[PDB]
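Note sheet for the following structure.
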Amino acid sequence: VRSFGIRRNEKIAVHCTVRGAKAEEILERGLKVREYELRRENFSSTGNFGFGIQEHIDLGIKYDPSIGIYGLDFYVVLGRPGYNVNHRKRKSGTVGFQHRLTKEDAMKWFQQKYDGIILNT
Amino acid sequence: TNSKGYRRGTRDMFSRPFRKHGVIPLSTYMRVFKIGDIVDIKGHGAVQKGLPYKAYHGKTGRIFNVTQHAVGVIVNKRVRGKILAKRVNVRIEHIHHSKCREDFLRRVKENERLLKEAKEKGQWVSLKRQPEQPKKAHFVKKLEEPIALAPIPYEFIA
Amino acid sequence: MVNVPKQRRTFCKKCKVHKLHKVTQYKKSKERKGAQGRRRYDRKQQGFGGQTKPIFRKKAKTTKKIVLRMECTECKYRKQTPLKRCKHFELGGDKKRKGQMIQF
Amino acid sequence: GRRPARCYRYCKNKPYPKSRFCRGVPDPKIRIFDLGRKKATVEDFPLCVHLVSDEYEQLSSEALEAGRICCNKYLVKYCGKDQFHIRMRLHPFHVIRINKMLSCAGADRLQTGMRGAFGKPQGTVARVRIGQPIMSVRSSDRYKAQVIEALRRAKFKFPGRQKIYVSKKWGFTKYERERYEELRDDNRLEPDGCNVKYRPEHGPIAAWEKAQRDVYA
Amino acid sequence: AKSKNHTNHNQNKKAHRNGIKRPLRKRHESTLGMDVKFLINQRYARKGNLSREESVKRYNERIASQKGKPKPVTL
Amino acid sequence: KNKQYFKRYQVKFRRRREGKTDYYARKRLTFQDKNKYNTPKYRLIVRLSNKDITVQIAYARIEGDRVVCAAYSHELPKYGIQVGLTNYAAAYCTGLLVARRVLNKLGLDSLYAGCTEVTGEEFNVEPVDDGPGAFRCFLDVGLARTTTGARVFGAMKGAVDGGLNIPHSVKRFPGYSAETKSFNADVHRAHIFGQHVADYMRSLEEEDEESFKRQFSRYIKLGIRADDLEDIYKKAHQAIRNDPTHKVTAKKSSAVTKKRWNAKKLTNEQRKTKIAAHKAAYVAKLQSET
RNA sequence: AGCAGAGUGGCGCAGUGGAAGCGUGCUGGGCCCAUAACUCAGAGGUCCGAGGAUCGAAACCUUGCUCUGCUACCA
RNA sequence: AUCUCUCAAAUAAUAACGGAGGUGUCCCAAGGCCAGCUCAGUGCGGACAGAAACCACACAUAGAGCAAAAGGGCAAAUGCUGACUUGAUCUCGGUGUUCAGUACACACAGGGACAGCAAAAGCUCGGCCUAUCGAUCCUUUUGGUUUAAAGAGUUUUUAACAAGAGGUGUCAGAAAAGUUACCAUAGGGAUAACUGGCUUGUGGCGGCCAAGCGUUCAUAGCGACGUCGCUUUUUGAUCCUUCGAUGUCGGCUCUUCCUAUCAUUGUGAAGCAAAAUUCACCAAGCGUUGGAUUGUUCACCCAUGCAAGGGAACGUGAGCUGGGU
RNA sequence: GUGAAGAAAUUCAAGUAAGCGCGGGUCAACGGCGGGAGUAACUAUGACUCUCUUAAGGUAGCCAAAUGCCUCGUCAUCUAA
RNA sequence: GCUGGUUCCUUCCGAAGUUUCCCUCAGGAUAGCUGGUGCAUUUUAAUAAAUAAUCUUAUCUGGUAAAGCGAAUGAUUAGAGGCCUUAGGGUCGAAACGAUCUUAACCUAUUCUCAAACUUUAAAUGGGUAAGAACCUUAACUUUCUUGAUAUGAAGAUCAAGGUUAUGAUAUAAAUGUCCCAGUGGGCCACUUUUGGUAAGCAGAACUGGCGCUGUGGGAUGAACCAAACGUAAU
RNA sequence: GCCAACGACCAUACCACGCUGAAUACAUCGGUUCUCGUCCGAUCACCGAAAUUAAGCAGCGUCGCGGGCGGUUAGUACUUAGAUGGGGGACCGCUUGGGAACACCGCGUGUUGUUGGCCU
């Protein structure tokens, strides 16, 4: 784009995906950093949402000043079991209005458990 | 200043007419043609290894080739004037059947049967083909609504 | 640029199987006199005719259709095939690395 | 180079385009295709009238502008400024076919005896079938004597023979005047700017029902 | 020198003076340019049709030697 | 958005919507050479569900595809197999089923006996002489991926060991270590005799009682211990080699017009009057306020 | 009518796809009894317009605008 | 030579120095083929986060990509990514469009082989198809391990057959710079300068409606913006006639006819008081000049004039003149 | 002509003079002999100042010359004009 | 390869002005047309159940008119409908985050017109094959085969059954191999269809008819216009 | 009346929305030791069933979009053929016979192959 000296094929960033039996603990290590009464948006209408943090040391790790400080963004994806029909190899179909989520479904799930009030700010 | 050469002039011919693009049917990969099953040569846009070139498309022909996945035809085209035969090789999905034989074969088996019913009374064959004729001389009651019934125009002014 | 592999396995006219071959050039093979044409053009210009057989101007092609002799490694047979009209050329290949950015 | 008017009485060159391929096209100055109170509703102007010709006559771009200005000045001096809706129904997309003859001054000295004969654009023209309505006015019923007795001075800018129609439609809509009344009365004609709505029944229910609501309440 | 050229005029009329004439007509047409063999496989079978009265009926009793053909009705 | 977007749309056909074929494999599967005219190509079909794995034999014609032979895991209850209907062990006997069922159809029960004592043998059967040319068979993988170790090859394995005739290679077998064979031919003896599953019962025999409450459940409901699995297969295989029952069924019948059942489609008299039942309500909802 | 082309910092030019290049003016101070010269330092760019292709175009491409060149005919 | 889109009137074919363009390259992957996996965009998003990056989720009928122009095809591919490999192979002859149904070339289907991926069926005899290119003579490789050198060997040389390549872009193939006002020839109207001829963008030439001007007053005289029409003085056009010759530009002398009228006879109009002058109808009867420079038509003067208008067979060289040309 | 290989025709080697290139000299030898902005208490100018680039920049004199497209140049005079 | 002349009569027949190739573009070869020379033969040749050409019957075949923009591809005129929050001016407000219009965006419904290089359908004229005895069904034989166990299938030879041969209207006769046979390879015009140009008795063409080759009766006249296409004669 | 597998014709079969679904099932769901790919046992893969009829799928409803198909538009438009037919040309009127279309109105919303199996 020439605006930042960055080009094609740069290996510019790092990412990953985590699902099942490991995501539920790293999120709650972030909710104390998130002060989990989170703002309103912070939210998409798909029923999944995410946030971004500074000071990635405070989830119970050693600082180790040879590594550097890092601000991070996160995105957790909720769902309904059966959603793989859009992503299975065979007999693969869409959803409809249900069981497809809205923004309220996560906002229910954010406020019912973990008690994250919506902060309509 | 050009035809000369090899696929020029294929505006509406050689493509697929509307709402039939994408993946080929699989009916036409199944068909079978003996020697003498008279067949057509036409255009296609879904087997891009082979074509009949710019002049042929829209002509039909005999088959005297039986091969792996090809058909070799005899076909008449106009030179001025030595109208010759041509032997064209083509993958099968360019090709549709004649149905012009396909009336004539049931012109056969009726005649083998309608003579077979004629083989019990004798007369008469009546077995050739005749189009519509001068019909008759009816008399026609109204029967339905006597005459006048008078549509006479007046329509110009608008 | 035409990268080519240094080794390839093609038809060998002697072993009648596919075996590894080597590939080299043709370069020019200077006109070794006194050959049959050479003993005629040198014949008909012992003096005072002046350049009858026409020596040729009017250059046309910007590059020549290069050829590569294909020596079999096994039974030392050599063969021939053209390759298409490209100005740049190299053997060995320096194999292209797909998907990498230009460094620095 | 603004060649005289006699050279294009016949559409005999090809139906031309205006392309995204050839750059160099000059300006058609007709930036207005309708005059009068364009902010009027349909109820403001019940009357309609066109102006039409009787050939396959090619029509030049220039008298369209005269057709704009000449009937404008009569209608602003006779029956109020906003009491009509002038419409010139026609766009000159067609191009004329010119080599410009600025071959003077000596420093150039070859171009063309007639080798070769390509074209350049200088203006536009318009192509007219039989009965193609061109210049039309949507006004009230009390100015029929105003428009046609101004339409004289626009017929004598559009060439040849031209007849004059008085419509039986209710303004510029696609509906006859006596036809206009009875289907308007309940819901079936819903008013808009220059037009109405044809048959809100299909569909499927609520648009008929929302139109059912406001006419009752 | 641009006089008049390229033109197909009268040229058709002079072709329909001798009739337009589909090539000849033939019965046992040539066999060339095909599958080259297939063609010589017939050459074996062209050596095979020896019987009209002698071996044509000998196999028919040998048809019943295998009590008919009840099994292979699909293959 | 997308109003006129429906107008220029067209589809991919029907089985692409419901995700059944691909049209890319099957066309170049059933690409018959045209020199042979209508000698069938006779491919073999294997499909699978979460509870069942299926085996079909079919061929194409002009109108469609006649399916001469069929199989299910539903028949294996007649052959002593109660549970585990999605095993590679279970994959073997299913391909073994039709492998002699066709031999009853064409009468080739004697010849082409196939691989008898299976311990994981790469046995392509030989084309015999002086008589019946053997009925060839071709393999489809449907839509699943043909990776080294797919269970669809296990349906081929009982088919090729029963006497069927396939151009068959071995590099896609489970247990044949891709880096690098080293054909451990005895791994199918652990596969076909279910030992790869039977160890998992034994390696969870003493660790979790809840393991049996989890998967390989209902083996405890029938007392199926982790010892006797292969002999259930071996006794089934000779019984498969005895006779397939050719699915005789004579209920005949409780089927027809029960009960209606699927909402016959409301013709023009009950369409517009349903609208007329709905049109008069909306003027009544306005006549209520005045 | 092809074409040699050019149009870049106030002005002049240099720049063959990774940079905005040099010089003079212009701008500030020191040096001056005060002005110049002298000394240090700063500032100065839709690279003629619209597009093309691409990892990036002042340069590569053609396209129009401005402007010489440069000989030719004769809607 | 050569490629597309039209030009093309719905088979094909096809025109001009008609329109829009393109090509003499490029690629060991941009090829061969199995494997997974779907882009143009756009919505809601998410520390630093816009035109900013990156991840996520929905809508995504192809609005992309496919080396290059333009068409066409293209959706678990013919694209993205990945694996692995050389069919860009040897070989035999036919067949497709160029047309005389030739040759080159390029595609296409085989038969035989040797293989290459894929589990198989299959797919592959180069770029997804319409371009991406050449004949003898030789030079020259690669060739059987090949015959010929004519008396007989041996050995080297050349010579031959067979596949390519070095080469012919004016593309079926000569090796190729000028000008003759000293120029001498066969001829040509198949081909101009001159004279006539149909045509009129050009220009002289009127009509119409009136936006306005004319102190007021649209129309006395004017008439813009636009509307549509005749002549042949030129100005080009075109090539129809004369190339075995039509003596081709001016002025002098000199008959003539012509109205679209300058002024004289008879009127009418007016912003026509008169004098003066303008408009417009009818009207070719006599009139339309003497000079400075130039070779002139015009141009521009000086003067007469109570006042100086346009035009015709290029009017006219066996009447001249020859100043230009 | 001299060397080396080679059975030999032949293969190269060492060589290698004059020419052209290479180094100067020369135009009473052919033939050449630029533009750009800025700049003076009116304007106009350009005595000047900067920059560009060449083998060096038309110098002393002439002139719309018999030689200036623009031409029927701009200005007095000869002329009734 | 360029011009002039190329000498006796009647009878018969009667063209070319095109494609390619060529340092060709005024000429030659080339096919084309024509003429000659016979020769083989049809119950389509000698005191039809077999053909070859125009319509029918049936069957495929194309995007040109005509349309078509309330589909794409564009280009394109008018306002309207708006929660709008893209929001430009504001406004009641410290701004408004309260509220209020307006104006730019936007969507929704439309609307005026258009297309040689845009297509969702789509003509007449004209393309193409077919309208049987060289058949049509039926047997079991053949296969040295890559295919397939009926050692299927495909094609081949050979028996079995078979009406009157299968649309109309004709055939002034059909059917072929040489000489590559003399010429000719410059054309012209009208109607529609039509580019180039403002255009023309100009050029540039596709499909016919005619002129050159052709007199002729008729618009006085005039190669083409419209009647009709020319053995000697009377009506 | 359905369900599966394989299809075939490939929108009357689609999409948006709403509703239902007996059985057979299809699915959903569950685990990770081996085959096995994986950043990630979610997609893939191996094991098999606790729970489920919500979705998917099927069936149906909507003066639903869409598409199929009929009827009118309309003998209109264009048109092969013909003329001593007009018009200043432009263009149109007749004789000769083929003859449309979008719009506009209505009807319809998958038919089916074989292979099983289910039985409201």
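Starting from 1 in every chain, residues are counted up; chains themselves are A, B, ... following the order of the structure tokens, and ligands are numbered from 1 as listed.
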
Point to revise | Residue hits in chain C, query chain G, radius 12 Å, only C-alpha atoms (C1' of nucleotides), as a ChimeraX atom specification | key: /C:99-104

Point to revise | Residue list for chain I near chain C as a PyMOL selection string, 12 Å, only C-alpha atoms (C1' of nucleotides) | key: chain I and resi 9-11

Point to revise | Shell of 9 Å around residue 2 of chain K, only C-alpha atoms (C1' of nucleotides), local chain residues under 3 positions omitted, as a list in words | key: residues 255, 258, 261 and 262 of chain F; 118 and 119 of chain K

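Neighbouring residues of residue 79 of chain J at 7 Å or closer, counting only C-alpha atoms (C1' of nucleotides) and skipping chain neighbours under 5 positions away, are residues 38, 39 and 193 of chain D.
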
Check your understanding: What does the distance between atom CA of residue 260 of chain F and atom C1' of residue 59 of chain K come to in Å, to one decimal place?
Key -> 11.3 Å

Counting only C-alpha atoms (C1' of nucleotides), which residues of chain A sit at most 12 Å from some atom of chain K, and what is each one's closest atom pair with its distance in Å to one decimal, listed by chain and rising residue number, as CSV?
residue,atom,partner,partner_atom,distance
A:14,CA,K:39,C1',11.2
A:15,CA,K:39,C1',9.0
A:16,CA,K:39,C1',6.1
A:17,CA,K:40,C1',5.7
A:18,CA,K:40,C1',5.5
A:19,CA,K:40,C1',6.4
A:20,CA,K:42,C1',8.7
A:21,CA,K:40,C1',11.3
A:22,CA,K:40,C1',10.4
A:23,CA,K:40,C1',10.9
A:77,CA,K:42,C1',11.6
A:79,CA,K:42,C1',11.1
A:80,CA,K:55,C1',9.5
A:81,CA,K:29,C1',8.0
A:82,CA,K:28,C1',6.4
A:83,CA,K:55,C1',8.6
A:84,CA,K:42,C1',7.4
A:85,CA,K:56,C1',7.2
A:86,CA,K:43,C1',9.7
A:87,CA,K:43,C1',5.9
A:88,CA,K:43,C1',5.8
A:89,CA,K:43,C1',7.4
A:90,CA,K:43,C1',10.7
A:91,CA,K:56,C1',8.7
A:92,CA,K:56,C1',8.4
A:93,CA,K:56,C1',6.6
A:94,CA,K:56,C1',7.7
A:95,CA,K:55,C1',6.6
A:96,CA,K:55,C1',8.2
A:97,CA,K:17,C1',9.3
A:98,CA,K:55,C1',6.7
A:99,CA,K:55,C1',5.9
A:100,CA,K:55,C1',8.9

Review point. Given a cut-off of 9 Å, which residues of chain H touch chain D, counting only C-alpha atoms (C1' of nucleotides), written out as a ChimeraX atom specification?
Key: /H:17-20,201,208-211,225-228,237

Exercise for review: Have a look at atom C1' of residue 212 of chain J and atom CA of residue 12 of chain E and let me know their distance in Å, one decimal.
Suggested key: 18.4 Å

Check your understanding: Could you name the residues that touch residue 108 of chain J at 12 Å or less, counting only C-alpha atoms (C1' of nucleotides), but leaving out those on the same chain fewer than 6 positions away, as a PyMOL selection string?
Key -> (chain F and resi 1+3) or (chain J and resi 80-82)

What would the file look like if the residues just selected were written as a PDB file, in the first residue's frame with C-alpha atoms (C1' of nucleotides)?
ATOM      1  CA  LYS F   1     -30.398  -6.160  -1.580  1.00  0.00           C
ATOM      2  CA  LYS F   3     -33.785  -8.229  -6.157  1.00  0.00           C
TER       3      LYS F   3
ATOM      4  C1'   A J  80     -40.603  11.182  -5.317  1.00  0.00           C
ATOM      5  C1'   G J  81     -40.517   7.541  -0.903  1.00  0.00           C
ATOM      6  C1'   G J  82     -37.880   7.595   3.190  1.00  0.00           C
TER       7        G J  82
END

Check your understanding: Quick one: residues within 10 Å of segment 151-163 of chain J, only C-alpha atoms (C1' of nucleotides) counted, chain neighbours fewer than 4 positions away excluded, as a PyMOL selection string?
Key -> (chain B and resi 34-35+66+112+115-116+118-119+122-125) or (chain E and resi 38-39+41-43+45-53+56+72-75) or (chain F and resi 35-39+130-133) or (chain J and resi 136-143+147)

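Residue neighbourhood of residue 270 of chain H, excluding near-sequence residues (fewer than 6 positions): residues 220, 221, 278 and 279 of chain H, at 9 Å, using only C-alpha atoms (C1' of nucleotides).
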
Write out, as a PDB file, in the first residue's frame, the residues just selected, with N, CA, C and O atoms (P, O5', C5', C4', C3', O3' and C1' of nucleotides).
ATOM      1  P     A H 220     -43.464  47.645 -40.084  1.00  0.00           P
ATOM      2  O5'   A H 220     -42.959  48.826 -41.019  1.00  0.00           O
ATOM      3  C5'   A H 220     -41.896  48.618 -41.932  1.00  0.00           C
ATOM      4  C4'   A H 220     -41.252  49.920 -42.324  1.00  0.00           C
ATOM      5  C3'   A H 220     -39.846  49.828 -42.888  1.00  0.00           C
ATOM      6  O3'   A H 220     -39.856  49.543 -44.273  1.00  0.00           O
ATOM      7  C1'   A H 220     -39.967  51.564 -41.278  1.00  0.00           C
ATOM      8  P     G H 221     -39.317  48.138 -44.827  1.00  0.00           P
ATOM      9  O5'   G H 221     -37.783  48.124 -44.405  1.00  0.00           O
ATOM     10  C5'   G H 221     -36.811  48.809 -45.179  1.00  0.00           C
ATOM     11  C4'   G H 221     -35.699  49.335 -44.312  1.00  0.00           C
ATOM     12  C3'   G H 221     -34.708  48.304 -43.809  1.00  0.00           C
ATOM     13  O3'   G H 221     -33.708  47.992 -44.755  1.00  0.00           O
ATOM     14  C1'   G H 221     -35.411  49.649 -42.012  1.00  0.00           C
ATOM     15  P     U H 278     -29.072  55.869 -50.823  1.00  0.00           P
ATOM     16  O5'   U H 278     -30.096  55.046 -49.914  1.00  0.00           O
ATOM     17  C5'   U H 278     -29.662  54.343 -48.755  1.00  0.00           C
ATOM     18  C4'   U H 278     -30.827  53.778 -47.978  1.00  0.00           C
ATOM     19  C3'   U H 278     -31.693  52.760 -48.703  1.00  0.00           C
ATOM     20  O3'   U H 278     -31.140  51.455 -48.721  1.00  0.00           O
ATOM     21  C1'   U H 278     -33.073  54.346 -47.629  1.00  0.00           C
ATOM     22  P     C H 279     -31.464  50.458 -49.943  1.00  0.00           P
ATOM     23  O5'   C H 279     -32.941  49.960 -49.651  1.00  0.00           O
ATOM     24  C5'   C H 279     -33.229  49.260 -48.457  1.00  0.00           C
ATOM     25  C4'   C H 279     -34.705  49.065 -48.299  1.00  0.00           C
ATOM     26  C3'   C H 279     -35.360  48.317 -49.435  1.00  0.00           C
ATOM     27  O3'   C H 279     -35.221  46.922 -49.270  1.00  0.00           O
ATOM     28  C1'   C H 279     -36.647  50.223 -48.868  1.00  0.00           C
TER      29        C H 279
END

Review point. Where does DSSP see helix (DSSP H, G or I) in segment 6-154 of chain B, if you list the residues as a list in words?
Key: residues 92, 93, 94, 100, 101, 102, 103, 104, 105, 106, 107, 108, 109, 110, 111, 112, 113, 114, 115, 116, 117 and 118 of chain B

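Any residue of chain D with an atom within 10 Å of chain F counts; using only C-alpha atoms, that gives residues 205, 209, 212, 213, 216 and 217 of chain D.
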
Please, could you write that set of residues out with C-alpha atoms as a JSON list (two decimals), in the first residue's frame?
[["chain", "number", "residue", "atom", "x", "y", "z"],
["D", 205, "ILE", "CA", -50.43, -8.84, 1.82],
["D", 209, "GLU", "CA", -52.84, -3.78, 3.92],
["D", 212, "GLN", "CA", -55.72, -0.37, 3.21],
["D", 213, "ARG", "CA", -54.88, 1.34, 6.50],
["D", 216, "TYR", "CA", -59.49, 4.19, 6.25],
["D", 217, "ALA", "CA", -57.33, 5.74, 8.96]]

Study note, to complete from the structure: The residue from K:3, K:101, K:91, K:65 with the smallest atom-to-atom distance to chain F, counting only C-alpha atoms (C1' of nucleotides), is K:65

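Interatomic distance, atom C1' of residue 121 of chain J against atom CA of residue 5 of chain F: 19.2 Å.
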
Practice item. Just need the residues of chain J within 9 Å of chain D, counting only C-alpha atoms (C1' of nucleotides), so spit them out as a ChimeraX atom specification. Key: /J:74-81,109-116,195-198
